[PDB]
Amino acid sequence: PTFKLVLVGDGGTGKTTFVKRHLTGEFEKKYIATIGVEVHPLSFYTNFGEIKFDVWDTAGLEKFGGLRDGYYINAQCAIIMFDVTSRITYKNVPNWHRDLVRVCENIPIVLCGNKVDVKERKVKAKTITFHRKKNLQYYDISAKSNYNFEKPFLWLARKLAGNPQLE
Amino acid sequence: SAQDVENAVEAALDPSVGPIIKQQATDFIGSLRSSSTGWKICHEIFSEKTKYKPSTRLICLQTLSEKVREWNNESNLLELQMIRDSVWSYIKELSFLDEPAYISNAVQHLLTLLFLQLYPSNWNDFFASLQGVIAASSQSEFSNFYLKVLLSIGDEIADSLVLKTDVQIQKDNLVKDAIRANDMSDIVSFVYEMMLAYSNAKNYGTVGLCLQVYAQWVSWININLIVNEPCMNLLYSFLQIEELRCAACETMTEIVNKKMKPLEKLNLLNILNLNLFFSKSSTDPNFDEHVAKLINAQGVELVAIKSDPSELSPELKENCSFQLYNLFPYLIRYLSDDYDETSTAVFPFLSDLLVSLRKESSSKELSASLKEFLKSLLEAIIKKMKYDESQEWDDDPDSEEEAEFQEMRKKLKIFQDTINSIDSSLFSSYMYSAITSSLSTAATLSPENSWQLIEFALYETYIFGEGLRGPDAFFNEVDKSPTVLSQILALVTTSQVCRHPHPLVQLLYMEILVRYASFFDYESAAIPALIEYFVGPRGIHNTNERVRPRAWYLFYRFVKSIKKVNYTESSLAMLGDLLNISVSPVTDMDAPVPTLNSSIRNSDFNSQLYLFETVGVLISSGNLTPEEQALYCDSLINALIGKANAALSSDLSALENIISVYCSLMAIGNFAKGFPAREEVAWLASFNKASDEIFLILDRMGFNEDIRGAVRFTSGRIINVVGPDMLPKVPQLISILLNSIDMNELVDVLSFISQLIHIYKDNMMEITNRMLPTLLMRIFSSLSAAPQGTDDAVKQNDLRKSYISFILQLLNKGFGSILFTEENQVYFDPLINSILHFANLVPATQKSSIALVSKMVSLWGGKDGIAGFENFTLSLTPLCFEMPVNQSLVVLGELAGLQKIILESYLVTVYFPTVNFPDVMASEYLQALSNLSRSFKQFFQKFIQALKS
RNA sequence: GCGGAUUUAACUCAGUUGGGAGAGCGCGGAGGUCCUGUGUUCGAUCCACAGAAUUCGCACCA
Ligand SMILES: Nc1nc2c(ncn2[C@@H]2O[C@H](COP(=O)(O)OP(=O)(O)OP(=O)(O)O)[C@@H](O)[C@H]2O)c(=O)[nH]1
Ligand SMILES: [Mg+2]
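Below you can see the structure in the form of structure tokens.
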């Protein structure tokens, strides 16, 4: 039971880090902009079985995102990530959504505000309204402290399996 | 080239390939956008269905769309037109759009962009022709396609959400007016017929899409087209069809939110005769959430209409206020709905209503009629506030449910606080009986299933008097009679509550005891149980995991605030079982190898540190003779020191020995963090013996920085305890810590220094001199390093902050002379520029950095000796007049201050001449500096906004 | 729909980029939780975050 999950967000929001954290457990402190797309088969366990997620880590950099929307083809789910430290990475969250749905008619989209470990916050909590205007699941998360790091996958898995009881 | 692209894309879409192949591919496709010719290749593919892959056509379609974005009308009206006829010939055929969804969706996207560049003038027939085709080929699949194009056009012209450019907006408003002035009447007529047609045919799919277009577009189109008799009738009907019920309530709403003149909504709002729908509105929560949202929509409107003083006709005020009081039943019915999604869909209406309500009670007293309403509102709000008496509490601190609940409580409280505003006595009484009532009922239940009711009782209590902390919260400022707070608190402290097993209950109890400890300032005879409570097996020795740690902090806060007397000895005795430290090395997420950090981060040691601090507060505010107090003092410092010596002498490398040493130093540091600053106190001797012990451990483990933080910390506490009795060894401390200095501790270091610079001001001067040279070049080096990641940028800003604040301290405490001691001569120039650089960065960097830059001028006000304070002073000019070209007032406000201080010239001869010379503005600036602190600021802000505009 | 200001004794206004805070007026003295809550620090009125009250724009509906 493998599902295609495209991960998209603005550049520097921590998409790749998020991935590494779950693939190896390591937290990369240096920023190396992803180029094109990197794809890793992150997997998981559940009361009912093993769900695999083929994650398509996309680049959110205008410079290195060749085939920008192409990668969303036949995607089965997705995560839209933004940086709580960087304001504009939220101001653009609509787009990422708009684009994603243009290719994938109706898929379970999870909106994630990353970097919540850093105290100060440029994207204040009163501005985060997109998920409630687009009926989208949201999660304040952190690739550094692992804060809520499994919420996004669990939710999706619980939908792609239609089994709310899934864990 | 075609078959190539088809491969490239195919290459990129297969992650089962070598990177080498992807590179070429990924760049080939991206080359298409960059290239002047690239798109010609996609122009040929997108239409080709018999020979190309959807996967390919997609990437070509997308390309083409991005390409259509950047072509200026006038300069490319040939290519834009060229790609249109192509898309249109394609769209006309109707035989490939029933390909996969992405291929139809992406088509829509291109067309709309095309439309966006040609419609006003170049594409006159866009709606006539497109519609004529959609109608000609009579099939839903096609109507849907059309419907979505309309939604897409709205996405690009009605969505407030996307980047709000002033241009795109002026460019967007044109397309709106064009559509308005040309084919709006028919766009709506077209849609209508479809709603009507597919409606009778029971084709709910398309009717849905229709209802959306109406929802989306109502925001910005002639309302009249939408609110005619025949179309409305069709809607009200949809309000009774399971399949269409919701879309209908969503569009119904939009019609209601369409913005207009207050007298204008009233009619519309009236004409919709929506109350009957409300009257009926069964178990479908999604729907109820829709109805709620509609009621809320209508509610928020009417309240805003009733507050405008514009049209004074009470006719308006009568029907408007009549319709509002009419909505009240509903507002309560849904506010109380068990489903939390539903109730919240009305908060905004409640929010505004209440506001309007206390604006009206500021004039006259509320009507018996309303006093009930509020009372009935509280009845609801109270219901939402309680835990569900069905699902047992989750011991999961990560349960999204508990997080969503706490959010609603945070809101449900402001509703109570506003109600309070409208009538504090109505709220007061009502809450007292709610808390009393709830506790009464709790006693009639098996402990296992009574907690929800108690947790709610102690919750309201906990909040009832938040902020109300003056002796007036407890007793009437005139009769001196008790306050409903005093009465609620009393009840609770006297209630059995404290004997209940449940966590939420026990915690919340201690929280209440801490928060309102001042209450007990009067009833001093009641303190022993509160102290014995924390102490006993429920409060501090609790067998619950979350409570035990959290308990120790509260007891410390409680004791800290409840100092007088007679509970000293027993409290100290009971703490005993809890003071021996046992931190074990543990594995972590970031530590395959247990780290002092990981080991400790998983212990309750940080929390336990409060006990040590407590035990020190008990011993300084307790009825214990100098002998007895000094006895406990030296009995604990010798046991800790002792745990350090045994740990130090064994293998210093062991994490266990390291941990052991760290904690022993931390506990002693927190023990001293409870004693009062340096009269001869008993503890002094005992704390001075401990000071020597730091060096002992600093000598052997000074290598490890963890121990170093623990040292910079503990010694600062002891210095704030001993004071001058340590001053002679301060330099030996400073010196050691310096060499093991790192980059991670450049900030723990700076504060340790000013911490001391404060305790002994003049004394620390000479030490700082010999040390500034080291601290400076380190800071200079880590701040010059452009960050390679978030954490880096984070570590930098913090440094930036303390660095400036350090230098501000130096100057404000009288240290400037040290910067000049030859040890730091080569360092003056860059220090100033350092600060000058932080000011031109982008506010925290500019308001405080610009401020430091100013004091630096006042302290060095004469060319006498400072050979780089003129050019520096003068160099600050471009900052004061060019920075703000590319929060901002504090930025500009202090930018002026620098101007002023300098001002108490070189600008006339030298500055204006370099920059484009503004004769008018150049003399108004000198007039401001010369003849206007307050006045000059004004000139300056208005001045620049002007210079900039 | 975005975006900013404001909120210090009875009164009335000052003022610091965190070291405990005041002049006029008003009963030799007296009188403030420096809007609230939470956090970060050895410590905050002055920092971070969350919120309230008062309020000024800009955009959309036009
Ligand atoms: N403090 C903190 N920093 C984070 C977190 N996630 C990411 N970062 C920082 O952001 C950097 C990683 O950004 P990336 O994940 O590489 O950004 P990216 O995903 O490659 O951006 P794309 O290449 O467009 O996908 C790291 O250096 C981290 O310091 C987080 O959860 N907490
Ligand atoms: Mg990436």
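Chains as they are written, first to last, in the deposited numbering: chain B, 11 to 177; chain T, 2 to 282, 286 to 568, 571 to 684, 687 to 850, 853 to 896, 905 to 922, 930 to 957, 959 to 975. Idealized CB from N, CA, C, for every residue including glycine.
Supposed close pair residue i, residue j - CB separation, criterion 8 Å
i                       : j               : result
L646 of chain T         : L617 of chain T : Contact flag wrong, Cβ pair sits at about 13 Å.
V755 of chain T         : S810 of chain T : 5 Å
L671 of chain T         : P600 of chain T : At roughly 19 Å, the Cβ-Cβ gap does not stay under 8 Å, so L671 of chain T and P600 of chain T are not in contact.
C324 of chain T         : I309 of chain T : 5 Å
residue 1042 of chain T : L706 of chain T : Outside the modelled stretch of chain T, which goes from 2 to 975, sits residue 1042 of chain T, for which no answer is possible.
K62 of chain B          : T12 of chain B  : 4 Å
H110 of chain T         : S161 of chain T : Incorrect: roughly 20 Å between the Cβ atoms, too far for contact.
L245 of chain T         : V208 of chain T : 6 Å
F143 of chain T         : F127 of chain T : Going by Cβ atoms, the distance from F143 of chain T to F127 of chain T rounds to 17 Å, so no, they are not a contact pair.
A673 of chain T         : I587 of chain T : 7 Å
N223 of chain T         : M185 of chain T : 7 Å
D67 of chain B          : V47 of chain B  : 6 Å
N548 of chain T         : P486 of chain T : Not really, about 34 Å apart at Cβ, beyond 8 Å.
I117 of chain B         : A85 of chain B  : 6 Å
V108 of chain T         : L98 of chain T  : 6 Å
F788 of chain T         : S842 of chain T : 7 Å
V738 of chain T         : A683 of chain T : Not confirmed; about 16 Å, so no contact.
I30 of chain T          : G76 of chain B  : 6 Å
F28 of chain B          : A171 of chain B : So it is not a contact: roughly 22 Å between Cβ atoms.
Residue i - partner residues in DSSP beta bridges
i                    : result
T68 of chain B       : B:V47
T12 of chain B       : B:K62
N124 of chain B      : B:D93
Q147 of chain B      : B:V120
residue 9 of chain B : One cannot answer for residue 9 of chain B here, as it falls past the ends of chain B, which runs 11 to 177.
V18 of chain B       : B:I90
beta-carbon residue i near ligand 4 non-hydrogen atom, thresh 7 Å
i               : result
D399 of chain T : The model depicted lacks ligand 4 and carries ligand 1 and ligand 2 instead.
Check distances from the C-beta atoms of the stretch 37–50 of chain B to those of chain T and list, in chain order, the residues that come in under 7 Å. If the cut-off is 7 Å between Cβ atoms, the stretch 37–50 of chain B has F37, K39, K40, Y41, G46, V49 near chain T.
Test item, CB below 6 Å from any non-hydrogen atom of ligand 2: In chain order, the hits are B:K25, B:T26, B:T44, B:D67, B:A69.
At a Cβ cut of 7 Å, what residues of the stretch 92–116 of chain T count as close to chain B, listed as they run along the chain? Considering only beta carbons, the part of the stretch 92–116 of chain T lying closer than 7 Å to chain B consists of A102, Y103, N106, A107, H110, in chain order.
Contained alpha helix (DSSP H) runs [length at least 4] in the stretch 28–64 of chain T, N- to C-terminal order: Whole alpha helix (DSSP H) segments, 4+ residues: 41–48.
Report the residue ranges of all alpha helix (DSSP H) runs contained in full by the stretch 476–507 of chain T; include only those spanning at least 4 residues, in chain order. Qualifying alpha helix (DSSP H) stretches, in chain order: 488–498.
Interface positions of the stretch 767–799 of chain T facing chain B (Cβ-Cβ less than 9 Å), listed along the chain: Taking 9 Å as the upper bound on Cβ-Cβ separation, chain B lies near residues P795, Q796, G797, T798, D799 of the stretch 767–799 of chain T.
Where in the stretch 143–188 of chain T do unbroken runs of the alpha helix (DSSP H), each at least 4 residues long, occur, reported from the N-terminal end onward? The stretch 143–188 of chain T is shown to contain whole alpha helix (DSSP H) runs of 4 or more residues at 167–182, in chain order.
Chain T contacts from the stretch 47–71 of chain B (Cβ-Cβ distance under 7 Å): Per Cβ criterion, the list reads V49.
Mind checking the stretch 71–87 of chain B against chain T and listing, in chain order, the residues whose C-beta falls within less than 7 Å of any C-beta there? Answer set for the stretch 71–87 of chain B: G76, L77, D79, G80, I83.
Residues of the stretch 585–596 of chain T with a CB closer than 8 Å to any CB of chain B: list them in chain order, please. Those would be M595, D596, in chain order.
The stretch 95–110 of chain B: which residues have C-beta closer than 8 Å to a C-beta of chain T, in chain order? Flagged, chain order: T95, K101, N102, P104, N105, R108.
Counting only Cβ-Cβ distances shorter than 7 Å, please list the residues of the stretch 39–65 of chain T near chain B, keeping chain order. Within the stretch 39–65 of chain T, contact with chain B at the beta-carbon level (separation under 7 Å) is assigned to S56, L59, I60, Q63.
Going along the chain, which unbroken runs of the alpha helix (DSSP H) with 4 or more residues stay wholly within the stretch 209–263 of chain T? Unbroken alpha helix (DSSP H) stretches of 4 residues or longer found wholly inside the stretch 209–263 of chain T: 224–227, 230–239, 243–258, given in chain order.
Listed from N- to C-terminal order along the chain, which residues in the stretch 153–171 of chain T have their beta-carbon within a distance smaller than 8 Å of any beta-carbon of chain B? Those would be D156, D160, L162, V163, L164, in chain order.
Give the residues from the stretch 3–22 of chain T that approach chain B closer than 8 Å (Cβ to any Cβ), ordered along the chain. Residues passing the 8 Å Cβ filter: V10, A13, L14, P16.
For the stretch 21–37 of chain T, which residues have a CB atom closer than 7 Å to at least one CB atom of chain B, in sequence order? Interface annotation for the stretch 21–37 of chain T against chain B: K23, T27, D28, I30, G31, criterion Cβ-Cβ distance under 7 Å.
Please give the ranges of any alpha helix (DSSP H) in the stretch 313–348 of chain T, keeping only runs that are unbroken, at least 4 residues long and fully inside the region. Listed in chain order, the complete alpha helix (DSSP H) runs (minimum 4 residues) inside the stretch 313–348 of chain T are 318–339, 344–348.
Which runs of the alpha helix (DSSP H), 4 residues or longer, sit entirely within the stretch 340–402 of chain T? Counting whole runs of 4 or more residues, the stretch 340–402 of chain T contains the alpha helix (DSSP H) stretches 344–348, 351–364, 372–389.
Going along the chain, which residues of the stretch 115–126 of chain B sit with their C-beta nearer than 7 Å to a C-beta in chain T? Under the 7 Å Cβ criterion, the stretch 115–126 of chain B contributes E115, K125.
Using a beta-carbon distance cut-off of less than 9 Å, what residues from the stretch 798–827 of chain T approach chain B? From the stretch 798–827 of chain T, only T798, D799, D800, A801, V802, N805 have a Cβ closer than 9 Å to chain B.
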